[PDB]
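In the form deposited in one PDB entry, a lone chain appears below as structure tokens.
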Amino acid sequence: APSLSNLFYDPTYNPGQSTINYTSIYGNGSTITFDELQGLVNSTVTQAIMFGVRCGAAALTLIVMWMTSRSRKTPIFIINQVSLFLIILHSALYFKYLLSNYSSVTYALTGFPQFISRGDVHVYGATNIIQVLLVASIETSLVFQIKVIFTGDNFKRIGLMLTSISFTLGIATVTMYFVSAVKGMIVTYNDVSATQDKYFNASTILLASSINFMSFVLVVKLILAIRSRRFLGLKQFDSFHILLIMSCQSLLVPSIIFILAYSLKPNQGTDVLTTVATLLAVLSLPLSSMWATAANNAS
């Protein structure tokens, strides 16, 4: 402490409106305020919390699903059990990515391509292939959940139509994700400082559409089940409806979050409401798998 300045005794002085002087690719003499630096830091601090929550939840839900399910040879169990493992691998590679030199303030303020080494683009390119494999696992899980609902001979002509509207949309989603990943990765590899390509996010709208379709099918199945269990002399649910609606056995909340996500503007948290919705869909698929496979009008 050599000498304290006059600014230490000004009650109306506002730090954060001061100016940082720095050197960039456009020559020495660039300037920024402290609030833009803090806004750059707060987005990394905000997107590390979500992926830590994802890694923790999926890691502790894998063990629980092993120790609690009794029949462990069905395909639906295996697919639900590898989706959480791709969640954990995605979170691990994202943790590696966030502490490297490609998501730092140094690169952001000073856009020097000398700071990026070969390997950072490979950790940034493996993540976009883990994402496509996680989406493929979710879509195949949904298709397997649609197959088992209409196994009986009550409606053997609506089930094939629904399988044909839930199959095409899953290869549409996995194809728009592989084309977006290969088209972002050719650009990223060619030049390190380049704008990533987006297509009206025409991939999260397809994922949303698929999950909305699943919600629709399960609600329709419940409405049909009530009418089936009244014409025949059987009892009817009293407090079981609230479980099969609000307890994510119909994928209702993960299908409200995505349609509040792709409707609102980027200002109100568009990039935050999709990571939570993917986590919620992946965690809610073991619940929807128990209702879909269940018998419609059994004791």
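Residue indices: 1-based, along the sequence shown. Rigid core: the largest C-alpha set superposing within 1.5 Å between the two forms.
Heads up, the form deposited in another entry isn't pictured, but that's what we're talking about next.
* Rigid core fitted, is the C-alpha displacement of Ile116 between this form and the one not shown 2 Å or more? -> After core superposition, the displacement of the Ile116 C-alpha between this form and the one not shown stays below 2 Å, so no.
* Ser284 C-alpha relocation of at least 2 Å between this form and the one not shown, rigid core basis -> False for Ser284: its C-alpha shift is below 2 Å.
* **Residue shift check between this form and the one not shown, rigid core fit, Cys248 Cα at least 2 Å** => Yes, the C-alpha moves 2 Å or more.
* Report the direction of the Cα distance change between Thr44 and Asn267 in that other deposited form, compared with the displayed form, as closer or farther; the change is 3 Å or more. => Residues converge in that other deposited form, at least 3 Å closer.
* Asked: Closer or farther apart in that other deposited form, the C-alpha atoms of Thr293 and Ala59, for a change of 3 Å or more?
  -> It is closer: the C-alpha separation of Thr293 and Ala59 falls by at least 3 Å in that other deposited form.
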